[PDB]
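Peer 1:
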Amino acid sequence: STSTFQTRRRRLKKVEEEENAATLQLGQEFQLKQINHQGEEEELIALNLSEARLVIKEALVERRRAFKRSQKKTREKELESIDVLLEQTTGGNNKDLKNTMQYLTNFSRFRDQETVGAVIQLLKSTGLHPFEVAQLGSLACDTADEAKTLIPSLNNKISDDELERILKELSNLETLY
Amino acid sequence: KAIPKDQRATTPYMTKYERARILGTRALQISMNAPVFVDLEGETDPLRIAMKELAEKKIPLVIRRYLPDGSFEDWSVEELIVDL
Amino acid sequence: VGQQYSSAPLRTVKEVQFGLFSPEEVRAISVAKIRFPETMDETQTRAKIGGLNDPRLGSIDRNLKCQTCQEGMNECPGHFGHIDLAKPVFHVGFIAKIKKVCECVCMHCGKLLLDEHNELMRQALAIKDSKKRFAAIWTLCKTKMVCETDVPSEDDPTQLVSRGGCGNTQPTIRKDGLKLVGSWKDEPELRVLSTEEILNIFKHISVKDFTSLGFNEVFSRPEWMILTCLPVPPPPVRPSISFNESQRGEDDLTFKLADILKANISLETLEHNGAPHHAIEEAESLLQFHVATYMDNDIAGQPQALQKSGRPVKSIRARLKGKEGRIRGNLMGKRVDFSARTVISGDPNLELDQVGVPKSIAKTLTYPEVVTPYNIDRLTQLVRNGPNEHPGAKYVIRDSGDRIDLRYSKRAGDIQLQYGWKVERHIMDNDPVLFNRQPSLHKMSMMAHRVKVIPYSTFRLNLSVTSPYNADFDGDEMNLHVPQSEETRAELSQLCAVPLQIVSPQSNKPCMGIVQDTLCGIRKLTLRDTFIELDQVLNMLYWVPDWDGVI
Amino acid sequence: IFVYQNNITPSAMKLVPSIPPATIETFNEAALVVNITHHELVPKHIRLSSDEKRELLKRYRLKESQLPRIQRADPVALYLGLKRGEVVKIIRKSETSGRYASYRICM
Amino acid sequence: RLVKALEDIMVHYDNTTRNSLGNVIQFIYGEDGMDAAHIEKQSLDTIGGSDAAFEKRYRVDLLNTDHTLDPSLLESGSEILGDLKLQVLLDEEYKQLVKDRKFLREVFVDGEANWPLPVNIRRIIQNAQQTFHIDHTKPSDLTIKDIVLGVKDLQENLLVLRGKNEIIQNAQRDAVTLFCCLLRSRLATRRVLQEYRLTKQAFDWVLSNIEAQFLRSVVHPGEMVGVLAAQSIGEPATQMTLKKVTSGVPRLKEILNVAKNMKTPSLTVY
Amino acid sequence: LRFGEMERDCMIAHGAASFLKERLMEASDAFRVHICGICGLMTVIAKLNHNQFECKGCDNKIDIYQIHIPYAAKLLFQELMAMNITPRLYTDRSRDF
Amino acid sequence: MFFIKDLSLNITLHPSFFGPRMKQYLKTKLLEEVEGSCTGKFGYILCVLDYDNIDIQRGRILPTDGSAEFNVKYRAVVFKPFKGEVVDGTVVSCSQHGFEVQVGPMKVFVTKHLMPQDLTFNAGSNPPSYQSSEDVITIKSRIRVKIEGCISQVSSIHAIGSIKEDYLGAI
Amino acid sequence: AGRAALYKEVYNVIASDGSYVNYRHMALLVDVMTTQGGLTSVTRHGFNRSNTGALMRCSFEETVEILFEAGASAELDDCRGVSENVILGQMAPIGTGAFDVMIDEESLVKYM
RNA sequence: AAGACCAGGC
DNA sequence: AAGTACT
DNA sequence: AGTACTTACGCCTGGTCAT
Ligand SMILES: [Mg+2]
Ligand SMILES: [Zn+2]
Ligand SMILES: [Zn+2]
Ligand SMILES: [Zn+2]
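Chains as they are written, first to last, in the authors' numbering: chain L, 4 to 76, 118 to 221; chain U, 72 to 155; chain X, 2 to 186, 195 to 560; chain B, 109 to 215; chain C, 840 to 1081, 1092 to 1119; chain G, 1128 to 1224; chain F, 1 to 171; chain W, 1343 to 1454.
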């Protein structure tokens, strides 16, 4: 398989596997308190689309580079520009990634690692939890009701008014097309 | 737990069991078409090639030495003196 | 080993957790309902009834099926079955404890008989050793036979403190056959302690009580020393024996179960039919019996459960008992392949570290070489050579994990080799082997020699290397084992080779010398009196192979 | 330390472990007529400071249990009055290397 | 039994002797850390012999016409007679061989001087002898400092245990002690020059060899010493093919069993 | 032929680790069984084809190992079990030391 | 919802490849047996980040054959849906029983009776669709779904989701 | 002092036969029999009761009986025993196996 | 093919 | 048969 | 003081009888 940074001492009776819900109870492998390889603790890693689009791209690119350091010895415009990056550094049988790049690049809400930067600098003043500070970043929202309902995990952790300013500043930063 | 390359305490020399096993292990791989890091002076027997790789100390291995409490020390064929 | 690849990662065993089976687990694991006692014949029709052995357990008749698990016979270990008892039974080997425990806890409320309150007790609760707590505890309260309700605390013996309740007197207990009995004291009261009862009292014992007594909440709760559900070892543990067809061949075990089964149903059918109250406990002993003998048969309560013909009955336990059995005779020591034995004889013409193997064997024993550019050539020749000439071989195996039997295969003479393939070849001059002579009680009772294929039929060893093996040629035989991995040999040549054993640590001195002729003669040849003339001196010189050619 | 002659009353002895910290010990005359430590065989032992001990461990990466033990009633252990936990250092002669340092903890 | 009782025992990389738990059994295999294989019966000349002989052989006094080294042996002989700063090393050396003596006579009361010990010095010199065709005529060329200051610098490198602390670097001196005595015994100024006329060459070699030959005689962390020791006993217990006391095989049985009622109980009182 | 106790004890003496294992496995027993990373048992229903693995009861499909051990051993174990004793096989040490 | 979890994997290398650029091979093989994998405990392993600084550590040599075994510690971008998670995607298939929306590398399906009422299903349509008073959902239309439940399977993950709630439906 | 005796005695049993055995061996044994506390007999009644895992003591004089009271009190076995491994078909931590061998990829480059 | 015995070899 | 250890 | 409990060399070759 692919082991996960923590050896939960399973003493025979493996039974309790709770429910997975927007009650913020995610499988054990996703507590907000997980472990880094260096052996440190580290908040979970919440990625809102169009923020992931940039991280996948970032590496997929820096891959192409170090993939040649050893060879010496606009919407529709990105659909092509990525398919290539793949047919270069991908497994070519990662039909998932392809389909993840379209999805990730069609439903994305930001093109500038700068715009994506503020998105983060903004939402990270909430104290809210990661999963939330994600659904908030990749989900259109005009009212607080359209928000605190499509993300029930908020309901009591923030005044409608506030979460509503944030949403204002969201459609304000939401890069155009 | 691991142990710094300094603070090291074991024996500076290779044990017979070690050397014994290295040559063997090494041969094993050599007999498996592993790359051979030494010019074969015409040799054609793996264990014999091994004895050679081990005399030019060009064997890419590392002997991890466990201690009764679990901690270990890591020595390289390179380092380890070979008296015998 | 086994063959056929498995996407399952592979590891080494590092820890072994000994537990006891929980009737609940036993079920879960099982794949067999095991209701019937018969073996097969679905009305004589051959196959197996969804009753005993194969209601999905392993199989026979060289037929894939094993719960689709296919793979068939070889590569499909047994799949446990279960068989719901009628009424709880003891565990022949645990009885000893099941008793000691009750004497440790009193019924009705089921709880210790000595709490922190008693001081001698404290000292008995610090001991961090199951074997030792449980052995100290027992000794400390086996005597007390009254469930104290109030005891004098750490203060005044005047003031009495309260804890658990129910002073129902505690009965001393004794072992009668496979049952436990106790009296309650003018004049006693003797009643039989029903399994059904004990079980209960245990079920109720506290969690910190388990532990306080030598146990473990997850792996071994006392309440498990009493069998309720019985695991059914699958064929491979109790295989058959077929004399082709229309005959039998069942294994001893597959009978005691057969019995246990019978004895189980007969019971049940009484608790749902004309149940003459206490004419049942005459058939519940029978179960307790079988389900006891099945595991152990060498008890003090005589009856051996002799099976028709008066032949004893191999209790599971008997299979592991010391020597000739599993542990000592199957695991700590086995029969092995790539091995041979014959008569030994001296031969003053072999180097010390050599050993004359007769051609007969050199052609029988084989070594797996892996085709490599360094050898290919040589190898293809051995293969071309066949399995009859000496320097040759007898088996080529390709990546495809398929054996080419060199003596048949319409492709014998053909075959091109492929780097990566293996070519089981004959033992050759200078293949390090492990030679030896029983009894082995020395590092030196087993040493490594250089092989030297020779004619005639006997392992010919050099003389000086005799005394270590401690052997004479008056008709003694010796064993020879043949390495298999390039690294295995390395371990023989680098630590077992005779040359290395010359100086023995058992007595910080050399352990091989010069004997008989060579010795006797080495003296004569010495004497001032002894003189040698040219004609000979020259030959003698020639004999020492390292003579520098300087008369 | 108290020295009884022919013996002490079992009614008496059970009164020593009743006033901690303070400790008491019992010795028969007949066992102190000769010093056991002066015997050709018995080599000399030595008490280790709860510091010197916490060291012996750290230096051999040992756990308390893995250490060679001495009886709480062992003749010599009484001659020095050890306590369950105290470690002694046994220094003896040796036909392989003059002196050999060994340790014994108590149980 | 013997075997089953000691399987698990071996020498661990720390150079301690433990089993499958970790329980130390010997803090140094055999109280000396030497693999039996490299050991021969040598003699500790320092022990046996009249207080008389001892002086005439190991004593050197540069302040005496009759107890100094006759310049016929050392090159810098005449220009030594009297040198006071030297007589202190010389005297240091002597006040040591002396200590050594008493020490040994405190361990081996018997007076037996022949014992098993690593590195056979007798021979190591013997080769040094004819390997440099040393002539018993002309004189040597060793500063007295050369000798005594090297012998010391030798002991230093005969490492058995290596530790970077005290408790360990202390067991070291121990595990060696016995050897050295023998060493200091065979490399005593007087001897080194009057008995075996070693040059500076010869000597510096004898020293190198001893050091290396010693570092070879150590024990290899890996040896399954347990089984070994077992066999080593059980083996000669079969060759036993058989003044009036329980003796031999039936006896050894008695011993391993820790039996209470031994046929013969005896007891010697001096 | 037979490679019994005594002949073993000498191999241990020699310190010939690998050669020992070889005589004991590759040249005699040797067997490949499966386990549950949960309940240290042979339960596992490996279908080495469609890779399916399961082990209902402890119910798995994910955490599963493969181990090589002497067939006699397996047997020793199965036999044990039938006597209602559980020999757990774990591929990782959790008790330290 | 997408995650960047810290994983590690164990690759057994035959000696053959014990070359000069081994690190290279490993990495390469890491990528073959990961990018595109699927587990209920990790979800979708999409891509391996920071290709370069991949930690290999020292690999140990097994003990019968020469194969060595390294614990490759890497870090990647994962994504595993949950019950009660709200996401939107592109419809792909649409039948009498409902339509299937594709949120990322995964496919969430929506039961006809798990949508609203006023929304019927028009079979005689081309392409096939679901008509409403004012709404029209077919092939490419973009919906936003609420995942009611998940089901892990082989090398993928499907789930059923509703659009019968508020703030759900087309966009 | 007892050790000294136990040894001295055993030493005499081998000396009365004109045989010689290097200290260390009888030493070791004599030491094995003594560390634990007092006199631990080389018999089913002694050394085969020590804290050594099950499987090891299992291979001697009490087998089953010993196995039974293992799953009873849920013992755990380190598999540090020579025996243990032999039963499992694993390479035992013994000489050739008192360590691991690894391929230092770094040093696998300067080699070319 | 398994198990019990008996004779025997070193 | 004996020897030990446990009742 | 009486009774009970587990053990007992290593390996190897023959021939014989029967539920
Ligand atoms: Mg004979
Ligand atoms: Zn099956
Ligand atoms: Zn009660
Ligand atoms: Zn399981």
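Yeah, the Cβ is synthetic: ideal placement off N, Cα and C, and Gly gets one too.
Buried or exposed: where does residue 976(C) fall if 16 or more other Cβ atoms within 10 Å of its Cβ makes it buried?
Peer 2: Numbered from its first residue, the fifth sequence carries residue 976(C) at position 137. Exposed is the call here.
Peer 1: Is residue 5(X) close to ligand 2? I mean its beta-carbon at under 7 Å from any heavy atom of the ligand.
Peer 2: Here residue 5(X) refers to the residue found at position 4 when the third sequence is read from its first residue. No, since every heavy atom of ligand 2 falls outside the 7 Å radius drawn around the Cβ of residue 5(X).
Peer 1: Note down, in chain order, every chain X residue with its Cβ under 7 Å from the Cβ of residue 1413(W).
Peer 2: Along the eighth sequence, one-based indexing puts residue 1413(W) at 71. What residue 1413(W) touches in chain X: 19, 20, 21, 229.
Peer 1: Compare the beta carbon distance of residue 440(X) and residue 376(X) with 8 Å and say whether it is the shorter of the two.
Peer 2: Working through the third sequence from its first residue, we reach residue 440(X) at position 431. Working through the third sequence from its first residue, we reach residue 376(X) at position 367. Yes.
Peer 1: I'd like to check one pair, residue 400(X) with residue 455(X): are the Cβ atoms closer than 8 Å?
Peer 2: Residue 455(X) sits at position 446 when you count from the first residue of the third sequence. Residue 400(X) sits at position 391 when you count from the first residue of the third sequence. Result no, Cβ atoms of residue 455(X) and residue 400(X) do not sit closer than 8 Å.
Peer 1: Looking at the strands, I want to know which residues DSSP matches up with residue 133(U).
Peer 2: If you number the second sequence from 1, residue 133(U) lands on position 62. Paired residues: 147(U), 1444(W).
Peer 1: For ligand 5, is there any heavy atom lying closer than 7 Å to the beta carbon of residue 169(X)?
Peer 2: Looking for ligand 5 in the displayed structure turns up nothing; the ligands present are ligand 1, ligand 2, ligand 3 and ligand 4.
Peer 1: Counting only beta-carbon separations shorter than 8 Å, does residue 1391(W) have a partner in chain B?
Peer 2: The residue given as residue 1391(W) occupies position 49 in the eighth sequence. Closer than 8 Å: no.
Peer 1: Buried or exposed for residue 955(C), going by 16 or more other Cβ atoms inside 10 Å?
Peer 2: The residue labelled residue 955(C) in the question sits at position 116 within the fifth sequence. Residue 955(C) is buried by the Cβ-count criterion.
Peer 1: How far does the alpha helix (DSSP H) with residue 121(X) in it reach, from first residue to last?
Peer 2: Translated into the one-based positions of the third sequence, residue 121(X) becomes position 120. First-last of the alpha helix (DSSP H) with residue 121(X): 120-127.
Peer 1: Kindly give me the distance between the Cβ atoms of residue 42(F) and residue 80(F), rounded to whole angstroms, as I take these residues to be in contact under 8 Å.
Peer 2: Residue 42(F) sits at position 42 when you count from the first residue of the seventh sequence. Residue 80(F) sits at position 80 when you count from the first residue of the seventh sequence. Yes, residue 42(F) and residue 80(F) are in contact; Cβ-Cβ is about 7 Å, under 8 Å.
Peer 1: Give, in chain order, every residue of the region 1408-1441 of chain W whose Cβ lies closer than 7 Å to some Cβ of chain U.
Peer 2: Answer set for the region 1408-1441 of chain W: 1437, 1438, 1440, 1441.
Peer 1: Contact defined as beta carbons within less than 8 Å: I believe residue 1025(C) pairs with residue 983(C). What is the distance between those atoms, to the nearest angstrom?
Peer 2: Taking the fifth sequence and counting its residues from 1, the one referred to as residue 1025(C) is at position 186. Taking the fifth sequence and counting its residues from 1, the one referred to as residue 983(C) is at position 144. Incorrect: roughly 17 Å between the Cβ atoms, too far for contact.
Peer 1: Closer than 6 Å between the C-beta and any heavy atom of ligand 1: which residues qualify, listed along the chain?
Peer 2: The answer, residue by residue, is 481(X), 483(X), 485(X).
Peer 1: Assuming residue 162(L) contacts residue 211(L) under a Cβ cut-off of 8 Å, what Cβ separation, rounded to an integer in Å, is found between them?
Peer 2: In the first sequence, counting from the first residue as 1, residue 162(L) sits at position 118. In the first sequence, counting from the first residue as 1, residue 211(L) sits at position 167. Not quite, the Cβ-Cβ distance comes to about 14 Å (not below 8 Å), so this is no contact.
Peer 1: Look up residue 376(X) in the DSSP assignment and say whether it is helix, strand or coil.
Peer 2: On the third sequence, position 367 is the one that residue 376(X) refers to. In the structure shown, residue 376(X) sits in a strand (DSSP, three-state: E or B).
Peer 1: Could you please tell me which residues of the region 450-473 of chain X, in chain order, have their CB closer than 8 Å to any CB of chain C?
Peer 2: Cβ contacts with chain C: 450, 451, 452.
Peer 1: Measuring from the CB of residue 1168(G), is there a heavy atom of ligand 4 at a distance below 7 Å?
Peer 2: In the sixth sequence, the residue the question calls residue 1168(G) occupies position 41. Result yes, Cβ under 7 Å from ligand 4.
Peer 1: State the Cα-Cα distance for the pair residue 247(X) and residue 261(X), rounded to the nearest angstrom.
Peer 2: Here residue 247(X) refers to the residue found at position 238 of the third sequence. Here residue 261(X) refers to the residue found at position 252 of the third sequence. Straight-line Cα distance between these residues: approximately 7 Å.
Peer 1: State yes or no: is the C-beta of residue 239(X) within less than 8 Å of the C-beta of residue 83(X)?
Peer 2: Stepping through the third sequence from its first residue, residue 239(X) is reached at position 230. Stepping through the third sequence from its first residue, residue 83(X) is reached at position 82. The answer is yes: Cβ separation under 8 Å.
Peer 1: Nearer than 7 Å: is that true of the beta carbon of residue 70(X) relative to any heavy atom of ligand 4?
Peer 2: As a first step, residue 70(X) is located in the third sequence; it is residue number 69 there, counting from the start. No, Cβ of residue 70(X) sits at least 7 Å from all heavy atoms of ligand 4.
Peer 1: For residue 117(U), which of helix, strand or coil comes out of DSSP?
Peer 2: Locating residue 117(U) in the second sequence gives position 46, counting from the first residue. Looking at residue 117(U) - three-state DSSP - the assignment turns out to be helix.
Peer 1: Please report the straight-line C-alpha distance between residue 104(F) and residue 152(L), rounded to a whole angstrom.
Peer 2: Residue 104(F) sits at position 104 when you count from the first residue of the seventh sequence. Residue 152(L) sits at position 108 when you count from the first residue of the first sequence. Taking the straight line from one Cα to the other gives about 11 Å.
Peer 1: Looking at ligand 4, does it come within less than 7 Å of residue 1163(G), judged from the CB to the closest heavy atom?
Peer 2: Here residue 1163(G) refers to the residue found at position 36 when the sixth sequence is read from its first residue. Under cutoff, so the answer is yes.
Peer 1: Going by DSSP in three states, residue 47(F) sits in which element: helix, strand or coil?
Peer 2: Numbered from its first residue, the seventh sequence carries residue 47(F) at position 47. Of the three classes helix, strand and coil, the one that applies to residue 47(F) here is strand, per DSSP.
Peer 1: CA-CA distance, residue 158(F) and residue 152(F)?
Peer 2: Here residue 158(F) corresponds to residue number 158 of the seventh sequence, with the count starting at 1. Here residue 152(F) corresponds to residue number 152 of the seventh sequence, with the count starting at 1. In a straight line, the C-alpha of residue 158(F) is about 7 Å away from that of residue 152(F).
Peer 1: For residue 7(F) versus residue 197(L), is the C-beta distance shorter than 8 Å?
Peer 2: As a first step, residue 7(F) must be located in the seventh sequence, where it is residue number 7. As a first step, residue 197(L) must be located in the first sequence, where it is residue number 153. For residue 7(F) and residue 197(L), no; Cβs fall outside 8 Å.
Peer 1: For residue 1004(C), return the contacting residues in chain B, with the cut-off set at a CB-CB distance below 7 Å.
Peer 2: Taking the fifth sequence and counting its residues from 1, the one referred to as residue 1004(C) is at position 165. The contacting residues are 167.
Peer 1: For residue 87(U), return the contacting residues in chain X, with the cut-off set at a CB-CB distance below 8 Å.
Peer 2: Taking the second sequence and counting its residues from 1, one reaches residue 87(U) at position 16. In chain order: 503, 504.
Peer 1: Hey, residue 16(X) and residue 1217(G) are a contact pair by Cβ (cut 8 Å); roughly how many whole angstroms apart?
Peer 2: Along the third sequence, one-based indexing puts residue 16(X) at 15. Along the sixth sequence, one-based indexing puts residue 1217(G) at 90. Indeed they touch by this definition, with Cβ atoms about 5 Å apart.
Peer 1: In chain order, what residues of the region 129-142 of chain U put their CB closer than 8 Å to some CB of chain C?
Peer 2: Listed by position along the chain: 136, 137, 138, 139, 140.
Peer 1: What ranges does the beta strand (DSSP E) occupy inside the region 950-1007 of chain C, keeping only unbroken runs of at least 3 residues that lie completely in it?
Peer 2: Listed in chain order, they are 953-956.
Peer 1: If you run the structure through DSSP and keep just helix, strand and coil, what is residue 221(L)?
Peer 2: Counted from its first residue, the first sequence places residue 221(L) at position 177. Three-state result, residue 221(L): coil.
Peer 1: Helix, strand or coil: which one does DSSP assign to residue 52(F)?
Peer 2: The count along the seventh sequence starts at 1 and reaches residue 52(F) at position 52. Coil at residue 52(F), not helix or strand.
Peer 1: Return no unless some Cβ of chain F is closer than 8 Å to the Cβ of residue 159(L).
Peer 2: Within the first sequence, residue 159(L) is the residue found at index 115, counting from 1. No, residue 159(L) lies away from the interface with chain F (no Cβ there is under 8 Å from its Cβ).
Peer 1: Between residue 1(X) and chain F, is there a C-beta pair that is closer than 8 Å?
Peer 2: Outside the modelled stretch of chain X, which goes from 2 to 560, sits residue 1(X), for which no answer is possible.
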